[PDB]
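Just so we're on the same page: letters track the sequence lines, and every chain starts at 1. Hydrogens, waters and symmetry mates are skipped; everything else that's a heavy atom, side chains included, is used.
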Amino acid sequence: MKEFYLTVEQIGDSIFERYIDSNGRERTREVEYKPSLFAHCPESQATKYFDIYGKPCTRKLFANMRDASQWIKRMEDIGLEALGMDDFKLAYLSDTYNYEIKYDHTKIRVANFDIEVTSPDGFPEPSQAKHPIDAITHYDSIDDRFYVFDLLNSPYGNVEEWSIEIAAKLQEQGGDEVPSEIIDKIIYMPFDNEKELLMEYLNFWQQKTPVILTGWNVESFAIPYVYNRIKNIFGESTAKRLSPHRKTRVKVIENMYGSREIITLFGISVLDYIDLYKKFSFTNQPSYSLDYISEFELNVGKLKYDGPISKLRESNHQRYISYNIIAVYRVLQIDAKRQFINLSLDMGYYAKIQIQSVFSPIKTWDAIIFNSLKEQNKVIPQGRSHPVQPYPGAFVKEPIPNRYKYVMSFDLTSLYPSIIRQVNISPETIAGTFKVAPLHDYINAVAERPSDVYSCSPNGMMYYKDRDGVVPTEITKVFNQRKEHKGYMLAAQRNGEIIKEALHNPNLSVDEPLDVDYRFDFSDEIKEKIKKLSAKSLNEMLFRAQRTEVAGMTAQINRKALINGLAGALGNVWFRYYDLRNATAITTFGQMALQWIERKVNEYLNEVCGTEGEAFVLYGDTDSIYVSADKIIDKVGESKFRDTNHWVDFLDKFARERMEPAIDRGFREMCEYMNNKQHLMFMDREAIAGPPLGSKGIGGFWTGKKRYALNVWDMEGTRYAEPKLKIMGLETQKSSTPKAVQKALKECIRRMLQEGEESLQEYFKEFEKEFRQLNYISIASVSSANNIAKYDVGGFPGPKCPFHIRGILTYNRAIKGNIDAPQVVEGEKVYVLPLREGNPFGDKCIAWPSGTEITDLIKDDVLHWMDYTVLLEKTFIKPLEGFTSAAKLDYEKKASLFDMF
DNA sequence: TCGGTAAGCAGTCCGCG
DNA sequence: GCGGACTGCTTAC
Ligand SMILES: Nc1nc2c(ncn2[C@H]2C[C@H](O)[C@@H](COP(=O)(O)OP(=O)(O)OP(=O)(O)O)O2)c(=O)[nH]1
Ligand SMILES: [Ca+2]
Ligand SMILES: [Ca+2]
Ligand SMILES: [Ca+2]
Ligand SMILES: [Ca+2]
Ligand SMILES: [Ca+2]
Ligand SMILES: [Ca+2]
């Protein structure tokens, strides 16, 4: 097989590399890598190395990496550019793996672990590590085993061995319900003292050294705790055995309002799953406790136990250990679904970076571009200092707040990356500038044509047309991968709808789910078999289709994020290729493109309808337009349609056969106007929306920019079995909105769009009457909690104290003195409830850590004093008032002349 | 929260005769 | 009470 790296580090003058050799074996080597850097040289000197602007460079070979670093400093002291890859491990990887990396995940040791630490006096601080580690569960992907290290004797209690037999039993049998599929995979090791546990853990780690190390909160808790505990018990040298190279560094992670410490383990790639989830999931969650996320992702029940976690080991060690094991497994289950580890490996090996570098778009693109240029013997420029400067972004049209009955939307494929490719925007393709007219003049095609030679953006920038820049070249490669995965995602989605349709008529039979590839549209044969399947088999197929769709989503959306990140990186001062001329060339071109096509679409539809000056485009944001289709439907007449699906077909055909070619012609003209390299503005129909045929539903409404709701029948070619609400920006979509209120507001919107005013009024009346029975957690608002200290003045709110922070201060006073009460963590999320006048907490609200029950100390008082009226008005009535006034609807029935009989 | 801009709403403070 | 200046937070792209 082809060799591939696992990890790479620079330690002084050596590269330390762990890798898989040509025989599939894991090896380690220390290499005294001699790096090269570059300086500009005279034109009259034979060289094969040229910078990105075509100027010749001489290669300088250094005796070691320190000499190279020292040369860079001296070049700065002289005032001359020091060119080349200054991150020597990336240059090392580039030299050692000069080919597309083919990796084999089965050879990569991925470890998932979780520790338990009993603590009577509050949260066990990893920096102090003053309490025994009393359980470790460590799953190894090569062995496919859960290694359980269980401490039986501690200063906080001596316990009996954990029983695998009780663990496996149902909770209704007094068991822990450890999933039967992992029972045979558990290797249980009890210990009579912590020193032996830890020594054996280190020996095990030496034998089975993680390459990828993951788990939940491992980077901020488990790793620093284990490292510091071993340090405290045995000394530094022993703790450093967590690194295969015996090198570690305390790394200070700084933010706007403070800092925290993590431990860097040289020769390991830590991918904390909480951080993977935050980066790759495209959710914003009210809580990031593993219980919360596992319930969200997997629909598994919360892990239940009585009493505080600090007493769980002593009271129920059996459950304590089972729950530690289940926690490790839940992360594996989330990864089986989301495939974030697979994604990280794909991206990391593609860029030729340390896998953990996938968190940084700047590092990722720096490596991709370097490798690409090096192929051509080109030499990358030195990174420079730039002051942070704001620059302009997208255009968003101000909509007229209203109901909109029939709507068709259109959206440009991969806009910013397509602009980069079309215009040919790259550091080395800058050709010069032209005299800019106001943007409106380009939008309306009255400005002078910018150039007859170069490719232009309306910000005044011109670009070479003779050859693709490295940025367009490399962005195109990742765009093509994204396109492939999006194809699979959409096929799985369409296949899911086929199964949902079939589920309306399940067969009374015993059978099996079909063995199919859900990434490809079902054949006629498969469709016929599906129509004969039982509900059991269909539901299993639906689950599998949806899992295929999720895998496709992960693969596609994060490649989209990577390419969009390149467009953004051009506007970040830490990027080697930072250039506001290029960043603004992209965004300004986007503004023009949107407004240009709005004009073209309006002109086309005014022509087909025989009107003038009518606004068909009701809204647009960045690269999408929303077109009112009422007049189109009305030209046929609603009475002429057999059913909803009939007019959906008609609009689908109209969009594809009439509007899209008109849109294409419009953009080809704009491409010629800007003299661009290649026409890549591809704007396709996204949504078809409207009320159910014959209903009183309103179909859709806008309240303002970035705030709208649509009843969608077809999205990007997926024809839904049931209409789907597309809701953007409204409170139903915000993590700050109480769970039960999101649900209620969604049902209000559903009724407005699908059923009409009377239906909405019926539901509102009932919600208002019954909502006081809702569980307090479900009606609590949520907020991130920053700068608690700034606003704390002797335990009371200082000037301008935010409402959620006031709530936290209230909570702090109420739990004061109590060492065991859950502390609100700076920067994390809190639930927030308002309090009625005259409550014993002495303020108007209280907040506590999100994803948790409020402590039993104050719960009953919070429940007694909760201000339901304020809750309802703020979270429900106010947003609903916004929706209905925009939609010209009443959520409460107005008096009429009939109220007299 | 270590890892592009536009723009909405909640809330504070305070003016507004 | 509501709007502007401002902070804080959270979306849509
Ligand atoms: N830097 C950055 N830019 C973004 C992000 N999301 C959207 N944008 C910018 C770049 C996009 O090309 C543009 C339009 O966004 P869309 O959501 O329509 O995505 P895009 O057109 O890239 O892909 P698509 O093919 O429509 O899925 O807005 C983001 O997360 N980061
Ligand atoms: Ca735990
Ligand atoms: Ca788009
Ligand atoms: Ca599309
Ligand atoms: Ca059937
Ligand atoms: Ca869009
Ligand atoms: Ca206001």
Self-check item: Out of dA7(B), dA12(C), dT10(C), whichever nucleotide has its closest atom nearest the side chain of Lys705(A)
Solution: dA7(B)
Quiz item: Within the structure, does a side-chain N or O atom of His804(A) lie under 4.0 Å from either OP1 or OP2 of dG8(C)?
Solution: no
Quiz item: Starting at OH of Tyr277(A) and ending at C1' of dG3(B), how long is that distance when rounded to a whole Å?
Solution: 19 Å
Practice problem: Remember a base hit wins even if backbone is also touched, and classify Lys878(A) as base, sugar-phosphate or nothing at under 4.0 Å, heavy atoms. | Solution: sugar-phosphate
Quiz prompt | Any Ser784(A) side-chain N or O less than 4.0 Å from OP1/OP2 of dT10(C) | solution = yes
Exercise. To the nearest Å, give me how far apart CG (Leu566(A)) and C1' (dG3(B)) are.
Key: 16 Å
Self-check item: Of the listed nucleotides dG3(B), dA6(B), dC2(B), the one nearest the side chain of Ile262(A)
Solution: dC2(B)
Quiz item: Does the side chain of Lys397(A) get closer than 4.0 angstrom to OP1 or OP2 of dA12(C) through an N or O atom?
Solution: no
Exercise. Take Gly729(A) and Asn787(A), find for each the nucleotide of DNA chain C with the closest heavy atom, and name the residue whose nucleotide sits nearer the 5' end.
Key: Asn787(A)
Quiz item: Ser735(A) side chain N/O closer than 4.0 Å to the phosphate oxygens (OP1, OP2) of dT11(C)?
Solution: yes
Quiz item: If we call a positive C1'-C2'-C3'-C4' torsion north and a negative one south, what is the sugar of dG8(C)?
Solution: south
Quiz prompt | Separation of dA6(B) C1' from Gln591(A) CD (nearest whole Å) | solution = 10 Å
Practice problem: Measure up the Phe221(A) and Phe123(A) rings against each other and bin them: parallel (under 30°), tilted (30 to 60°), perpendicular (over 60°). | Solution: tilted
Quiz item: Distance under 6.0 Å and angle within 45° of the ring axis: does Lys726(A) meet both against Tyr626(A)?
Solution: no
Exercise. Compare all side-chain heavy atoms of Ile400(A) with those of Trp702(A) and state whether any distance is below 4.5 angstrom.
Key: no
Quiz item: Once you round it to whole Å, what is the distance between P of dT5(B) and CD of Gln389(A)?
Solution: 12 Å
Exercise. Tell me what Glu254(A) touches on the nucleic acid: a base, only sugar-phosphate, or nothing, going by heavy atoms under 4.0 Å.
Key: sugar-phosphate
Quiz prompt | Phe803(A)-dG11(B) aromatic stacking (under 5.5 Å, under 30°) | solution = no
Quiz prompt | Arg707(A) side-chain N/O to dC9(B) phosphate OP1/OP2 under 4.0 Å | solution = yes
Quiz item: Contact class for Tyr391(A) vs. all strands (heavy atom < 4.0 Å): base, sugar-phosphate, or nothing?
Solution: sugar-phosphate
Quiz item: Quick one: which of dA10(B), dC2(B), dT10(C) gets closest to the side chain of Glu219(A)?
Solution: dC2(B)
Quiz item: Out of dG8(B), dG8(C), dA12(C), which nucleotide sits closest to the side chain of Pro802(A)?
Solution: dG8(C)
Quiz item: Between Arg806(A) (CZ) and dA10(B) (P), how many Å, whole number?
Solution: 18 Å
Practice problem: Go through the steps for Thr248(A) and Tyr227(A) under the test side chain to side chain donor-acceptor pair (under 3.5 Å), then give the verdict. | Solution: CA-CA 10 Å; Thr248(A) 70; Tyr227(A) 180 85; 2.9 Å; yes
Exercise. Verify the contact: side-chain N or O of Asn255(A) to OP1 or OP2 of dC2(B), cut-off strictly under 4.0 Å; return yes or no.
Key: yes
Quiz item: Is the closest basic N to carboxylate O distance between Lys874(A) and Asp867(A) below 4.0 Å?
Solution: no
Quiz prompt | Nearest-nucleotide pick for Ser736(A), side chain only, options being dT10(C), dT12(B), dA6(B) | solution = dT10(C)
Quiz item: Considering only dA7(B), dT7(C), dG3(B), which nucleotide approaches the side chain of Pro361(A) most closely?
Solution: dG3(B)
Quiz item: Nearest of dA12(C), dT10(C), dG11(B) to any side-chain atom of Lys874(A)?
Solution: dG11(B)
Practice problem: Go through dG8(C), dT11(C), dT12(B) for me and flag the one nearest to the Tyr257(A) side chain. | Solution: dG8(C)
Exercise. Please state how far atom CD in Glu398(A) lies from atom P in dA6(B), giving the value in whole angstrom units.
Key: 15 Å
Quiz prompt | N or O in side chain of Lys800(A) less than 4.0 angstrom from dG11(B) OP1/OP2 | solution = no
Practice problem: Map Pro390(A) and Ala785(A) onto DNA chain B by nearest heavy atom, then report which one ends up closer to the 5' terminus. | Solution: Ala785(A)
Exercise. Round to the nearest Å and state the distance from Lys734(A) atom NZ to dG8(C) atom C1'.
Key: 11 Å
Quiz prompt | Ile223(A) CD1 - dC2(B) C1' separation (whole Å) | solution = 15 Å
Quiz item: OP1, OP2 of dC2(B) versus side-chain N and O of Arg260(A): anything below 4.0 Å?
Solution: yes
Quiz item: Within the pair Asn284(A) and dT10(C), is there a side-chain N or O less than 4.0 Å away from OP1 or OP2?
Solution: no
Quiz item: Counting just side-chain N and O atoms, does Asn564(A) come under 4.0 Å of either OP1 or OP2 of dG4(B)?
Solution: no
Quiz item: Should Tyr791(A) be listed as having a side-chain N or O under 4.0 Å from OP1 or OP2 of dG8(C)?
Solution: yes
Practice problem: Kindly indicate whether the side chain of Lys705(A), heavy atoms from C-beta on, has any atom under 4.5 Å from the side chain of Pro399(A). | Solution: yes
Quiz item: Are the charged groups of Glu716(A) and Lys486(A) less than 4.0 angstrom apart, N to O?
Solution: yes
Exercise. Please determine if a side-chain N or O atom of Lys706(A) lies less than 4.0 Å away from the OP1 or OP2 oxygen of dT10(C).
Key: no
Quiz prompt | Note: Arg707(A)-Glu731(A) ion pair, threshold 4.0 Å (strictly below) | solution = yes
